[PDB]
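Student: Be aware that the sequence shown starts at 21, since it is given in the deposited numbering, and climbs by one per residue.
Every residue gets a Cβ at the ideal spot worked out from N, C-alpha and C, and that includes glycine.
Following this message is one structure expressed as C-alpha cells.
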Amino acid sequence: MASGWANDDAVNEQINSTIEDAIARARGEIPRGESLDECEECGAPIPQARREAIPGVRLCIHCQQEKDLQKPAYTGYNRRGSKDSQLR
Ligand SMILES: [Zn+2]
C-alpha cells in the first residue's frame, strides 16, 4: 500500500508554486501569469493566436488541437469556500 513512500512536506514545497513565484520576480523566467512562446512538448513556435485565445497556453497549434479534444468541457466539482474575487 502506497502510504508514506515518497509524499513528504519537505519535498512537496519544491512542487509548490512558491518556487516558480520566487523565480518569476527573481529573474523574470516565468511569464506574467500568461502564455509562453515555446511549446512544452516539442519546443515548437507558439503563435500569438493561441496566446490571446488561451490565457496561459503551453502547446503549439499542433500539440494544442489534439488536447483541445481531451478538454472535458465540465468540472462536476464541489469546492465549498469563499474568496476575494472582486474589484475593491
Ligand atoms: Zn508542440
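Skipping 5 residues on each side, what residues in its chain have a beta carbon closer than 6 Å to that of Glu40?
Tutor: For the purposes of this step, residue 40 is taken as residue 20 along the sequence shown, with counting starting at 1. Only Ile50 meet the Cβ criterion.
Student: Kindly indicate which residue of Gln84, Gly53, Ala73 and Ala46 has the alpha-carbon position closest to the one of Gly63.
Tutor: As a working mapping, residue 63 is identified with position 43 in the sequence shown. Taking only the C-alpha atoms, the option nearest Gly63 is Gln84.
Student: Any heavy atom of ligand 3 closer than 6 Å to the CB of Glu61?
Tutor: Annotation note on ligand 3: not contained in the displayed structure, which lists ligand 1 as its ligands.
Student: Based on Cα-Cα distance, which residue from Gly53, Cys59 and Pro65 lies nearest to residue 17?
Tutor: Residue 17 lies beyond the stretch modelled for the chain, which goes from 21 to 108, so this question has no answer here.
Student: How many Å lie between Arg78 and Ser55 at the Cα?
Tutor: Numbered from its first residue, the sequence shown carries residue 78 at position 58. Numbered from its first residue, the sequence shown carries residue 55 at position 35. So the two alpha carbons sit approximately 7 Å from each other.
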